[PDB]
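Colleague: here is the input, now give the coordinates:
(8 chains, ligands or ions: 6)
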Amino acid sequence: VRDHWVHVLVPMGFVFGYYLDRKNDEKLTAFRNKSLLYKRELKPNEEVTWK
Amino acid sequence: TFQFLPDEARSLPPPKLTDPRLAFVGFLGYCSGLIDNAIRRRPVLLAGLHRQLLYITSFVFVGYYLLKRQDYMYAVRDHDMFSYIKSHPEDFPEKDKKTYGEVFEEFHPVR
Amino acid sequence: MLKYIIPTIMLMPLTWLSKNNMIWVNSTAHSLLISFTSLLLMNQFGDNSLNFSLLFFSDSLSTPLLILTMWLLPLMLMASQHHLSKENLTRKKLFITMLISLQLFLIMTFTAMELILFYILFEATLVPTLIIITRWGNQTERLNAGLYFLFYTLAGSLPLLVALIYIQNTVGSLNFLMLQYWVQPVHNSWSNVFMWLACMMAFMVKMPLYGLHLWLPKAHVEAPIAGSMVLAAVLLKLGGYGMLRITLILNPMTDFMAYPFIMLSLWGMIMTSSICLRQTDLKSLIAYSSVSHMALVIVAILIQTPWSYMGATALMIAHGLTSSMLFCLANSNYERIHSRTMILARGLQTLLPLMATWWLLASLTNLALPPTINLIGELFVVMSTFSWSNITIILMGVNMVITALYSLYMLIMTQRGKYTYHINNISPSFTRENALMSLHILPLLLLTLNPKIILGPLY
Amino acid sequence: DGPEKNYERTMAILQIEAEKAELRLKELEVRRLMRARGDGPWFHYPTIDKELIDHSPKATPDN
Amino acid sequence: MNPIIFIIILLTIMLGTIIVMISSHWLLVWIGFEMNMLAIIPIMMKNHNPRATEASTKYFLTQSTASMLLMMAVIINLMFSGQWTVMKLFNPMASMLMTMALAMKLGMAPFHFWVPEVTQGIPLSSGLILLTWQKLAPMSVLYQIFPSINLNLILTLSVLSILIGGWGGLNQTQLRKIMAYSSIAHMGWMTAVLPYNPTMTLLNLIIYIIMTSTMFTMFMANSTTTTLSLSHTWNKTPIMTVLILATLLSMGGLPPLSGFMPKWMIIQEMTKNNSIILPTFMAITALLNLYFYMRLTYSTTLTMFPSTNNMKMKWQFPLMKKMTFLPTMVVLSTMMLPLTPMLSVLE
Amino acid sequence: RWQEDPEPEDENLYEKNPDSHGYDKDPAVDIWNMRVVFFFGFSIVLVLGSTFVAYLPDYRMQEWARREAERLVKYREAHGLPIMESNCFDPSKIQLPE
Amino acid sequence: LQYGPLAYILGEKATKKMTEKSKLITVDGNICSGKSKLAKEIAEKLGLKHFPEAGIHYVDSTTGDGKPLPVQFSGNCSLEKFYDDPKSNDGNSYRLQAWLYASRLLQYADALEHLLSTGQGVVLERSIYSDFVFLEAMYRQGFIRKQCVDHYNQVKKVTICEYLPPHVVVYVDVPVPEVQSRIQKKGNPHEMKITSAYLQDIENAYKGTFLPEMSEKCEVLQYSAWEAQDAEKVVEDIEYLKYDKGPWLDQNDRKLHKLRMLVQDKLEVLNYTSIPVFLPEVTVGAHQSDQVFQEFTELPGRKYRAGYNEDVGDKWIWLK
Amino acid sequence: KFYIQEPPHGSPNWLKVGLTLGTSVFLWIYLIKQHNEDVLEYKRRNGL
Ligand SMILES: CCCCCCCCCCCCO[C@@H]1O[C@H](CO)[C@@H](O[C@H]2O[C@H](CO)[C@@H](O)[C@H](O)[C@H]2O)[C@H](O)[C@H]1O
Ligand SMILES: CCCCCCCCCCCCO[C@@H]1O[C@H](CO)[C@@H](O[C@H]2O[C@H](CO)[C@@H](O)[C@H](O)[C@H]2O)[C@H](O)[C@H]1O
Ligand SMILES: CCCCCCCCCCCCO[C@@H]1O[C@H](CO)[C@@H](O[C@H]2O[C@H](CO)[C@@H](O)[C@H](O)[C@H]2O)[C@H](O)[C@H]1O
Ligand SMILES: CCCCCCCCCCCCO[C@@H]1O[C@H](CO)[C@@H](O[C@H]2O[C@H](CO)[C@@H](O)[C@H](O)[C@H]2O)[C@H](O)[C@H]1O
Ligand SMILES: Nc1nc2c(ncn2[C@@H]2O[C@H](COP(=O)(O)OP(=O)(O)OP(=O)(O)O)[C@@H](O)[C@H]2O)c(=O)[nH]1
Ligand SMILES: [Mg+2]
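Modeller: Numbering: from 1, shown residues only, chains lettered A, B, ... in the order given. Ligands and ions are numbered 1, 2, ... in the order given. Dropping the coordinates below:
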């Protein structure tokens, strides 16, 4: 609607911001399942421990 | 000698066309387009879209090559530094590292 | 933090692309939504901080300051939209843009992992703040207040820049997580004395420390209401937050370097509290009250104990809401009588009964009635300074007496007694004004039910 | 986020920052040595190029 | 001036500078300065009035004296090394003479007196060339001879210029004189870092040129040469006042604006060399410049000064001046800080 | 002296609109402004936000620490071990100077 | 090609278009002297463009849709008020005179631009050269202050020096008793309040300062009320002029290129009419000027640069 | 016909518009081809 299309700007900014925060995590996986505290074996269907 | 991007720079990966720095350069080009409309008292958002497009494209085009030189100059800096360290091992000895159990640090109470 | 930076940025296209008559409605609604999402930063752990990326992290210190910052933006829009009604549309949008850009800098400032990044954003907040005061302040003296504000900050912050760059050369990093592990003790020397002063003076000027506080009463008397709210609520806390971080790398030199600044604060709070008893301008009185409350925070930060750090954090949050309330209460009188003189309009409880209740509640938090978080923060500081030296209780106790006297004096003078005969335009409190007052006090009093979330990392 | 993700994400941040800090300290040391000794590619101030010299027999022999 | 002649004279100004920048022989460097000085005098004189004649004459005497001193340094250098290659000089007396000659050409304190007077006496477009393009040739020579420059001399010239430039601008109401004293102060930053990292000299020079060009262009768009005239802009081109405000805050070195970058990087390079007192003194002294930049913002953008009735007649006509590159220059003048690492292209 | 407009008279919003909420002169905008503030401010942020805070999952691990302390006190007292030792770190892992 | 150096380089030189008929003619005289009718006849017979005397709304006629704007957008200058209350405390007398000089300066720039761009001459009724006679008359009747005259001379000093004087000055010489007779006959209620002393001061300035001055540099032709009816004789006098004085003989393509660059840029033309001299009569407070400027931007076709106003039917804005 | 005088920008300058859009289009093709040739040269030199 031409009346209420401005109301998606900030909610879409949050979704885009949320998405980019998750993308940031994919660049910081050098130690995923490699810390002495949390390192373990993968479950049969598990590919990664977190994403 | 007097070369913007010497041939050895082609061994480096090119900057991605979605580089966040390149996007910012494009945004600066967009802002210049609006300020052009404003100083000449045109409708800021709609006026001359052909002109607004070239502002973005020009900024991105020049920005892409400036980013390429930027990355190459930092690759050269690292290349020079690592070669010099290899050439002069006596000046960069591998440090003998002790654990905190062996190292003595004074305690400064907060009382 | 991108989930907060981007929607904050999107507030600017929203304001500029809104219908002419919907700029306040739209900007207020969506900045309240941003404030709602900021409660996700409460995912805090007992050992580790919330480390988002290479640029931004959040911990128990920055999280409460972040939530206060994002809550204040809609409150500032509510407070400003009335005195800006005559302003033309484009300048209204420019005002809102300055508020939005201030929030963007603030949320980045409080989450910046690297100290030089913190510096740039810490400095960036000056620009919009100065513009708000000088452009939209009401009186001739806003220009002088702008200059004093600008140059007091830069006189201290430029030496901080040199010190920070020097630390990075020596240590190799300014990342705060790195400094937690690579910190080395600061030995006695004249070079280290001036490194300590460069690392601290900028934050002292912002708090402000007694003796470097004269810019703050000026700034408040000249700022518009939104300027006063953000100045008192958040911008003062940039100094406290900065001090809480940088003191990590100044040990053990802080043991003796803090003495002159503890004396200035301990004696400063009694002087500024006493000064409040004689102030004739209501905004100036609230401004001097801030200096006294923040003198407690400086002492707490400088003596570096778990109890003092918990008290400092609670005080910063509690004072932020209380002082912002008091400015909003004083402004609502100004919008009727157009004077800041405290003795001009008296006996307002007879004419504005519900507004007098907000006045009572704000005053009670200002004097730290238990169990408000204002009292929790003050008490934790008093407990920790007693161990530092038992004699401090005398100074702390005297300030508590004086604080009650000037808080109730302000309540008595303006709300009680006889109304002024010739002031016949005291129109009933608007829904906007009542909602603005309650949006301060209600979160403030609700925090008493779960104080741990405003007690900081040492909790 | 679960504590494990934040914990190991923190380690990845620390590794990057620690590596950058070491490189910053090494660069300051390398620059200090190259400037004092002149044996590196940095601080290489030009000297006259020897390809400008004419080596042919001259009008007179003693040169 | 005939438009074709004006073009050829502008190209000769540029050619003289280019000759200085591409030359390996000291004589060609001297020729580049001579050709450049010959071609710039006609654009100082173009408006034909006693003030423009005085400025052109004061400029000629200063630059001619500096070029004679430069040729002395070159000839002394030839006597003691037998060569003309543009590089380090081979005699300390020659180095002092060339350093002093180049300081005179740049208008550095205490050889600064001509800059405010010459800039005041010439048109805005000519002042734009004087305070930007003309800095290129002398700075490019300093870039190449800095190993042999006396450290105490160059740092003394830098410190004096930052003080004189800062103090001199406080007393000014003429915009051309404000820009002149602002130029003097900025030259001091450029030469203070030159002994440590010439790259940072280039960064400061480029950014200074960009912000200086922006300000001169905005003054030219409105034909404003005085503070009070500039104070009428709000009642004619409100957008221009905002651009002026942003650019002045950038020239003040305020974060997050582009003008913070050169001061930021110069302080870094000096601290890496254990220079702490000097950068701190420079940064605090630069607050003098911020003061009289802020004064201009008060009278231009942050307050509305009194207007005149005849101003209403101006509301009916649009800006017809070229304002070439202004939208690009203003964005670079203010919004470049996030791209600071790009300075490595200048390495 | 000069040609300047006179100071306007301050307008009481209640004259034109006795139902004014004090947000806007336009009654329709005024009511909407009141509604977003009251709904997003009180109904959402303060009510749901207070509820969200009330149910934060063991904020900063205080509850886990108490459970862990109970487990250690139980095991240590069963085995006749000190409840807590003065030494945070094992002395055999420390090499003192001199 | 919009005029500029590129157009000049490519052969758009003034001497090409200008003939012996490319003359700037100005008609002067006292009030009700019949100069308006004579000016039209001269222009018709010689095929020149006629400019009606620039009044309070001259600038409106050259911009927008050409229609006059409300009075607040001219500062509330009123010639009617000047006759009713020439000594009004609101400074209307000099505010009008300062505004009228700027209007004449704008018209002179338009006339020169027409002459230099087309080669066709123009006929003006009074000009920036004769505007001072009204100011001197005003001062001598005590209608304006000495500081107003000092302000007027400052603005004139830095503006008139840029332009060339008329080729021909035509003066119609009607004595004051006759002028007053023609004023009462015309029957304009406000004009009849004019004093013969004010009219005598206008004539004294004309004959004391104007005509002697212009004689040094122009061709000055003088006619009586009777001699001015014979337009053909006036035109016969004009066509037989020698044109042996003045700076128009020194002009050349180079100098006329600079002149055309000036007169075509109207903001550059009016630059010094707003010098920051804070005279009470012409100074406008910030709040008023701000309020009036916002109103002006709301006028039809005035928010944006001409050609970019969708509210008055401009199209293809997204490609312009 | 609202304006008393014809505006200098009454109608678009179609030659300028064609040059403007043509320049934008050309710059993107050159940039895209430059990027592709850079990606291939990078892969060849590194054996990928
Ligand atoms: C997750 C995002 C949440 C964002 C929340 C944002 C809240 C925004 C509140 C908007 C207030 C409503 O805004 C207003 O509503 C009405 C009905 O829809 C619209 O339409 C109105 O037009 C005219 C009134 O002139 C009438 O026909 C009638 O009153 C109504 O239909 C208005 O044009 C619009 O301005
Ligand atoms: C390729 C690079 C260029 C990219 C350009 C991408 C965006 C292009 C947008 C074109 C349409 C802009 O729209 C133009 O500006 C605004 C917002 O719509 C409108 O005018 C506006 O006035 C006020 C706000 O000032 C509001 O009522 C509302 O926002 C709107 O009506 C204009 O009437 C419209 O003509
Ligand atoms: C210790 C760290 C912080 C130190 C900061 C000190 C730097 C200077 C801050 C203020 C700068 C203001 O700059 C200038 O100061 C003077 C007074 O000081 C002001 O002037 C004001 O006080 C003077 C002196 O009583 C009066 O004559 C004047 O009428 C009044 O306006 C100027 O209007 C202001 O332009
Ligand atoms: C501002 C004055 C302008 C007028 C200039 C007048 C001309 C100046 C002529 C300078 C030429 C002489 O220059 C000077 O010659 C002597 C002769 O060996 C040099 O040598 C002298 O100093 C060096 C020091 O290591 C040694 O050679 C030796 O101790 C001594 O002889 C100087 O290093 C050189 O600086
Ligand atoms: N104060 C003032 N009035 C002016 C000026 N120019 C014209 N006027 C007035 O404008 C009115 C018309 O001027 P005239 O052209 O001389 O009278 P006219 O009868 O209509 O024209 P003619 O028949 O040619 O004489 C007169 O009342 C003039 O006084 C001026 O520069 N200053
Ligand atoms: Mg007439």
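
Colleague: any residue of stretch E:18-33 touching chain D?
Modeller: No. Residues of stretch E:18-33 are not located near chain D by CB under 8 Å from any CB of the partner chain, the shortest gap being 9.4 Å. No exception for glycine: its C-beta is placed from N, CA and C like everyone else's.

Colleague: how about that stretch: buried residues?
Modeller: E:18-21, E:23, E:26, E:29-30, E:32-33 (16 or more other CB atoms under 10 Å in any protein chain shown).

Colleague: is chain B contacted by it?
Modeller: No. Against chain B, stretch E:18-33 shows no contacts by CB under 8 Å from any CB, the least distance being 9.2 Å.

Colleague: the stretch 101-250 of chain E: strands as residue ranges?
Modeller: With DSSP state E, counting those that start in this stretch, there are no strands along the stretch 101-250 of chain E.

Colleague: on that earlier part again, redo the buried residues of stretch E:18-33 as JSON lines? Include distance to residue C:403 and secondary structure.
Modeller: Shown next, in JSON lines, are the buried residues of stretch E:18-33 (distance: CB to CB, whole Å; DSSP: H, G, I helix; E, B strand; the rest coil):
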{"residue": "E:18", "distance to residue C:403": "72", "secondary structure": "helix"}
{"residue": "E:19", "distance to residue C:403": "75", "secondary structure": "helix"}
{"residue": "E:20", "distance to residue C:403": "70", "secondary structure": "helix"}
{"residue": "E:21", "distance to residue C:403": "69", "secondary structure": "helix"}
{"residue": "E:23", "distance to residue C:403": "75", "secondary structure": "coil"}
{"residue": "E:26", "distance to residue C:403": "76", "secondary structure": "helix"}
{"residue": "E:29", "distance to residue C:403": "73", "secondary structure": "helix"}
{"residue": "E:30", "distance to residue C:403": "76", "secondary structure": "helix"}
{"residue": "E:32", "distance to residue C:403": "73", "secondary structure": "helix"}
{"residue": "E:33", "distance to residue C:403": "71", "secondary structure": "helix"}
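
Colleague: now those residues in a markdown table, with distance to chain H?
Modeller: Shown next, in a markdown table, are the buried residues of stretch E:18-33 (distance: CB to the nearest CB, whole Å):
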| residue | distance to chain H |
| --- | --- |
| E:18 | 27 |
| E:19 | 33 |
| E:20 | 33 |
| E:21 | 29 |
| E:23 | 34 |
| E:26 | 41 |
| E:29 | 37 |
| E:30 | 42 |
| E:32 | 35 |
| E:33 | 38 |
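
Colleague: state the distance from the residue of the stretch 201-350 of chain C found nearest chain B to residue C:438.
Modeller: Here the stretch 201-350 of chain C gets closest to chain B at one residue, residue C:252, 3.8 Å apart by CB to the nearest CB. Distance, residue C:252 to residue C:438, by CB to CB, to the nearest Å: 47 Å.

Colleague: distance of residue C:340 from chain A?
Modeller: 36 Å (CB to the nearest CB, to the nearest Å).

Colleague: ok, residue C:99 touching residue C:226?
Modeller: Yes. Applying CB atoms under 8 Å, one finds residue C:99 in contact with residue C:226, separated by 6.3 Å.

Colleague: who has more neighbours, these two?
Modeller: Shown here are residue C:99 and residue C:226; by other CB atoms under 10 Å in any protein chain shown, residue C:226 has more neighbours (29 against 25).

Colleague: am I right that the more buried one is in a helix?
Modeller: Yes. Counting by DSSP: H, G, I helix; E, B strand; the rest coil, residue C:226 is located in a helix.

Colleague: which residues does it contact?
Modeller: Contact partners of residue C:226, counting by CB atoms under 8 Å, 6 or more residues apart in numbering or on different chains, are C:76-77, C:79-80, C:99, C:132.

Colleague: hmm, the helix or strand harbouring residue H:21 in reach of ligand 2?
Modeller: For residue H:21, the host element (DSSP states H and E) is helix H:14-46. No. Legend: contact between helix H:14-46 and ligand 2 by CB under 6 Å from any ligand atom is lacking; minimum distance shown is 8.7 Å.

Colleague: which residue ranges of chain A form helices?
Modeller: A:9-26 (DSSP state H).

Colleague: correction: the stretch 151-300 of chain G
Modeller: Counting by DSSP state H, counting those that start in this stretch, the segments of the stretch 151-300 of chain G that form helices are G:176-186, G:196-205, G:211-215, G:231-239, G:253-263, G:266-269, G:286-297.

Colleague: go on, the stretch 151-300 of chain C?
Modeller: Using DSSP H, counting those that start in this stretch, helices in the stretch 151-300 of chain C cover C:176-182, C:190-206, C:215-222, C:225-230, C:237-246, C:254-257, C:259-276, C:282-303.

Colleague: can you check chain D too?
Modeller: According to DSSP H, the helices that chain D contains are D:3-37.

Colleague: any idea which residue of it lies closest to chain H?
Modeller: As assessed by CB to the nearest CB, chain H sits closest to residue D:41 within chain D, at 21.9 Å.

Colleague: correct me, but that residue touches residue B:80?
Modeller: Yes. With contact defined as CB under 8 Å, residue D:41 counts as touching residue B:80 (4.8 Å).

Colleague: ok, the residue of chain B positioned farthest from its centre - contacts?
Modeller: Residue farthest from the centre of chain B, counting by CA atoms, centre = their mean, is residue B:111 at 47.2 Å. Residue B:111 is in contact with residue C:387, counting by CB under 8 Å, 6+ apart.

Colleague: same question for residue D:17.
Modeller: The neighbours of residue D:17, taking CB under 8 Å, 6+ apart as the test, are C:54, C:173, C:175, C:177-178.

Colleague: relative to residue G:181, which of those residues is nearest.
Modeller: Taking CB to CB as the measure, residue C:54 is the one of the contacts of residue D:17 closest to residue G:181, at 93.5 Å.

Colleague: need the phi and psi values for the closest one.
Modeller: When quoted as degrees, to the nearest 10, the phi and psi of residue C:54 stand at phi -70, psi -20.

Colleague: now residue E:257
Modeller: Dihedral angles for residue E:257 - degrees, to the nearest 10 - are phi -90, psi 160.

Colleague: now the spatially most central residue of chain D: closest residue in space, sequence neighbours ignored.
Modeller: With distances taken as CA atoms, centre = their mean, residue D:42 lies nearest the centre of chain D, 5.5 Å away. Distance criterion CB to CB, 6 or more residues apart in numbering or on different chains; nearest residue to residue D:42, sequence neighbours excluded, is residue D:34 at 4.6 Å.

Colleague: before we move on, what about residue E:13?
Modeller: Counting by CB to CB, 6+ apart, residue E:39 is the residue found nearest to residue E:13 once chain neighbours are left out, at 4.6 Å.

Colleague: work out for me the element the one you found sits within.
Modeller: Here residue E:39, judged by DSSP H and E, is contained in helix E:26-44.

Colleague: not counting sequence-adjacent ones, nearest residue to residue E:20?
Modeller: Of all residues not flanking residue E:20 in the chain, residue E:32 sits nearest, at 3.6 Å (CB to CB, 6+ apart).

Colleague: and that neighbour, what does it touch?
Modeller: By CB under 8 Å, 6+ apart, residue E:32 lies in contact with E:16-21, E:23, E:137.

Colleague: would you turn those into a markdown table with distance to residue B:106?
Modeller: As requested, these are exported to a markdown table (distance: CB to CB, whole Å):
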| residue | distance to residue B:106 |
| --- | --- |
| E:16 | 65 |
| E:17 | 61 |
| E:18 | 63 |
| E:19 | 64 |
| E:20 | 60 |
| E:21 | 58 |
| E:23 | 61 |
| E:137 | 58 |
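
Colleague: nearest to ligand 3 among those residues?
Modeller: Minimum distance to ligand 3 across these is 38.2 Å, recorded for residue E:137 (CB to the nearest ligand atom).

Colleague: name the nearest residue to whatever residue of chain F ends up closest to chain C, ignoring sequence neighbours.
Modeller: Nearest residue of chain F to chain C: residue F:22, at 2.6 Å (CB to the nearest CB). Counting by CB to CB, 6+ apart, residue C:430 is the residue found nearest to residue F:22 once chain neighbours are left out, at 2.6 Å.
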